[PDB]
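S.K.: From the sequence below, what's the structure:
(chains A, B, C and D)
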Amino acid sequence: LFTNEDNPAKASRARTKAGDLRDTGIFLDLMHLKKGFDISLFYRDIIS
Amino acid sequence: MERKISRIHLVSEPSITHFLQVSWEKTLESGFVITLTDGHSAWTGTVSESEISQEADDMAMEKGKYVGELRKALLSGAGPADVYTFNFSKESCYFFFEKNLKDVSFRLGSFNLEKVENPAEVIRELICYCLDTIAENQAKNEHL
Amino acid sequence: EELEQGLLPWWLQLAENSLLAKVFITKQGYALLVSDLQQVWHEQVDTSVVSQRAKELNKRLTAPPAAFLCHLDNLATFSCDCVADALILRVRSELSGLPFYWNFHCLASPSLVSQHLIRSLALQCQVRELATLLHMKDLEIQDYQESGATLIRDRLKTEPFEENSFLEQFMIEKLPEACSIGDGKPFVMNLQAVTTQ
Amino acid sequence: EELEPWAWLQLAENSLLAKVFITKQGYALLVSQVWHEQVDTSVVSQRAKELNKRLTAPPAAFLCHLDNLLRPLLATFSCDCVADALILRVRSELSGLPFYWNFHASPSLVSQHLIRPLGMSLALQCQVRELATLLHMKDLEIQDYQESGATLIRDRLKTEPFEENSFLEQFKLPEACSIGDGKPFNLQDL
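M.R.: Residues are numbered from 1 along each chain as shown, chains lettered A, B, ... in the order given. Structure data below:
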């Protein structure tokens, strides 16, 4: 997945569904496109 | 050392005018020689240092603006920024032009002036230089 | 001293110390109240002292007393001229078009001004406020735990605690952060100045 | 001026904060603004012996008996309170206090001990804010429990996260002008 900054209700359901998919055997990968280690707040737990 | 034409408008003496035809040395922030005339008696004198700023503190205004305002009043053109009532006192030989803020007598500069007899030739040269500048400006306008 | 005791918020940074500026300049005078943390003084103002300071403090400085009085009533380094018992304080402010060359022939009377500024419970009042906001909140946490334990951000999760932990190991090594009286730890904060109110 | 917890007595809201440091140089009592005294140990010994007309004892026993035993926790006291001067020196029995010591703008100990606690007050407000922001871990936890946790809520302190607006709403306004004189919070030594 690709995004410059984290966008997020919507966030709760998104995190729940992401956790469910991770449980189903799905891997995730992402880096913020600003660069440093600054913007991963809304996706701290979403990614592995 | 030159004489600059500054006809300060005397509210107290509308009949007897006063020109602060300053003959300044090569200094502005320190004491500068300011010369005055009325039509029948000129007031010359040498202004000392560290004493002209005592009245500036009496004025209780900014420094640096003091030097520029002294130049404006002494040289041609009274400055709109800090208008002083041109009370060039013949009764004391002390041409005090002051901005009496907050309705109180605040003096501007210690000018030790002395009354003389014959400023006729000096005033002649003053207005002659004025109109010579006028004539050369007119010729400049013509060729321009 | 009536012009200071009956006259009575911040933190003027002087040459060697930062002191609260508890001065209320009026048309009848002005007395700067500075808690130097070293000496008790008496800030007094009179027309004669204003006149003499303005006229002879500097060779190029000469002003009437009404000038300073009124133009402070209408009102950036600070220099300290102190003798440790009769401080002739210099408040170099932007006054009269120059750095304000002034002599405060000083702090103020010990008892009344000590009550006003020197001599609290309100911090402990917020302590009980936080305790009350915490006290049965832990009970609600146990209610939640009994109902369930799911938490999306389970990474950020810890058991309910009490303020006693901070009363034990945080009422130490923390107050010593601002504990010495030299220049002065920033006193611009601590408005709730409860003793002043 | 030799040694210099907090001990305080309630009377007239004066600067008399009845804490005394056990020392051989007389009294370091802060029941005073704060006065200071420096006297030789021997002079203290014979001074107490002269003022005691019934028994002569070393000052250590007096210090250990009168440190924090009777005044703080629980008949007119010898209060010669002129210019806030607590002269409790009467050679008789006043609530069982056998302390006989002639009690004589002194901001040394005031500045190092009284002006600083209003210097040393910023960190206590900092710790108050730290407690407030620590309670905001509870806020997100209860929000997630009540939104996605589908948990059972006590419905007593289901409150919005603590704010400076809530800080001023709670802060207690009659005690927002609280009595700062030396009163607890004896226990005010912290």
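S.K.: Following the chain onward from the longest helix seen in chain C, which element is next?
M.R.: The residue-count maximum for a helix in chain C (DSSP state H) belongs to helix C:121-135. Proceeding N to C from helix C:121-135, the next assigned helix or strand is helix C:137-147, under DSSP states H and E.
S.K.: Strands along the chain, start to end?
M.R.: You didn't pick a chain, so chain A it is. Ranges of strands in chain A, per DSSP state E, are A:2-3, A:31-32.
S.K.: oops, I was thinking of chain C
M.R.: Ranges of strands in chain C, per DSSP E, are C:12-13, C:18-19, C:88-89, C:94-95, C:98-99, C:104-105.
S.K.: Can you tell me which of these is most buried?
M.R.: Counting by mean count of other C-beta atoms under 10 Å in any protein chain shown, strand C:18-19 has the highest mean neighbour count of the strands of chain C, with a mean of 21. Placement of C-beta: from N, CA and C, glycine included.
S.K.: Can you name the residues in contact with it?
M.R.: Here strand C:18-19 makes contact (C-beta atoms under 8 Å, 6 or more residues apart in numbering or on different chains) with C:11-12, C:34-36, C:183-184, C:186-187.
S.K.: Residue B:19 touches residue B:37, doesn't it?
M.R.: Yes: the pair residue B:19 and residue B:37 qualifies as a contact (C-beta atoms under 8 Å) at a distance of 5.1 Å.
S.K.: Touching both of the two, which residues are there?
M.R.: B:123, B:126.
S.K.: interface residues of chain B facing chain C?
M.R.: Proximity of chain B to chain C is confined to B:50, B:53-63, B:65, B:102, B:104, B:106 under the rule C-beta under 8 Å from any C-beta of the partner chain.
S.K.: Out of the residues you listed, which is nearest to chain A?
M.R.: Nearest to chain A, judged by C-beta to the nearest C-beta, of the residues of chain B next to chain C is residue B:62 at 47.4 Å.
S.K.: Grab the nearest non-local neighbour of the closest one.
M.R.: Among residues not flanking residue B:62 along the chain, residue C:97 sits closest, at 3.8 Å (C-beta to C-beta, 6 or more residues apart in numbering or on different chains).
S.K.: Near the one you found, how many residues? Count them for me, please.
M.R.: For residue C:97, the count of nearby residues is 17 (other C-beta atoms under 10 Å in any protein chain shown).
S.K.: cool, and residue B:138?
M.R.: 9.
S.K.: In three-state terms, label it for me.
M.R.: Secondary structure state of residue B:138, per DSSP: H, G, I helix; E, B strand; the rest coil, is helix.
S.K.: Now do it against chain C, distance only.
M.R.: Distance of residue B:138 to chain C, given as C-beta to the nearest C-beta, to the nearest Å: 42 Å.
S.K.: For that residue, give its distance to chain A.
M.R.: Separation of residue B:138 from chain A (C-beta to the nearest C-beta): 69 Å.
S.K.: Now render the strands of chain A as TSV, adding distance to chain C and mean neighbour count.
M.R.: Below are the strands of chain A laid out as TSV (distance: least, C-beta to the nearest C-beta, whole Å; neighbours: other C-beta atoms under 10 Å in any protein chain shown):
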stretch	distance to chain C	mean neighbour count
strand A:2-3	20	11
strand A:31-32	19	15
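S.K.: related to what we said a few turns ago, for residue B:85, which of the strands of chain C is the nearest?
M.R.: Among these, strand C:98-99 comes nearest to residue B:85, with 23.4 Å by C-beta to C-beta.
S.K.: residues making contact with the closest one?
M.R.: Strand C:98-99 is contacted by residues B:57, B:62-63, C:61, C:77, C:92-93 when judged by C-beta under 8 Å, 6+ apart.
S.K.: Out of the contacts of strand C:18-19, which comes closest to residue C:162?
M.R.: For the contacts of strand C:18-19, the residue nearest residue C:162 by C-beta to C-beta is residue C:186; the value is 30.3 Å.
S.K.: and that closest one, how many neighbours?
M.R.: Neighbourhood size, residue C:186 [other C-beta under 10 Å]: 13.
S.K.: What of residue A:45?
M.R.: If you count neighbours by other C-beta under 10 Å, residue A:45 ends up with 16.
S.K.: I'd like to know how many residues surround the closest residue to residue B:119 other than its chain neighbours.
M.R.: Excluding its sequence neighbours, the residue lying closest to residue B:119 (C-beta to C-beta, 6+ apart) is residue B:42, at 3.5 Å. By other C-beta under 10 Å, the residues close to residue B:42 number 22.
S.K.: what do you get for residue B:20?
M.R.: For residue B:20, the neighbour count with other C-beta under 10 Å is 26.
S.K.: swap in residue C:153?
M.R.: Neighbours of residue C:153 (other C-beta under 10 Å): 12.
S.K.: from what I can see residue C:87 touches residue C:33, true?
M.R.: No: applying C-beta under 8 Å, one finds residue C:87 not in contact with residue C:33, separated by 12.0 Å.
S.K.: Mutual contacts of these two, please.
M.R.: Both residue C:87 and residue C:33 are contacted by residue C:107, under the criterion C-beta under 8 Å, 6+ apart.
S.K.: isn't residue B:84 right next to residue B:74, touching?
M.R.: No: assessed by C-beta under 8 Å, residue B:84 is found out of contact with residue B:74, at 11.7 Å.
S.K.: neighbour count winner among these two?
M.R.: A count of neighbours by other C-beta under 10 Å puts residue B:74 above the other of residue B:84 and residue B:74, at 22 against 19.
S.K.: That one: what's its closest spatial neighbour, skipping adjacent residues?
M.R.: That would be residue B:22: by C-beta to C-beta, 6+ apart, it lies 3.7 Å from residue B:74.
S.K.: same question, residue A:46
M.R.: Closest residue in space to residue A:46, ignoring its immediate chain neighbours: residue A:18 at 4.7 Å, by C-beta to C-beta, 6+ apart.
S.K.: what's the neighbour count on that neighbour?
M.R.: Neighbours around residue A:18, by other C-beta under 10 Å: 17.
S.K.: ditto for residue B:48
M.R.: Neighbours around residue B:48, by other C-beta under 10 Å: 11.
S.K.: Repeat that for residue C:141.
M.R.: 17.
S.K.: cool, residue C:120 as well?
M.R.: 21.
S.K.: Now for residue 35: which residues touch it?
M.R.: Went with chain A since none was named. Contacts for residue A:35 (C-beta under 8 Å, 6+ apart) come out as none.
S.K.: right idea, wrong chain: chain C
M.R.: By C-beta under 8 Å, 6+ apart, residue C:35 lies in contact with C:19-20, C:107, C:117-118, D:115.
S.K.: what's the closest of those residues to chain B?
M.R.: Ranked by distance to chain B (C-beta to the nearest C-beta), these are led by residue C:19 at 26.1 Å.
S.K.: The closest one pairs with what?
M.R.: residue C:12 (DSSP bridges).
S.K.: With residue D:112 as the reference, measure out to it.
M.R.: Applying C-beta to C-beta, to the nearest Å, the value for residue C:19 to residue D:112 is 16 Å.
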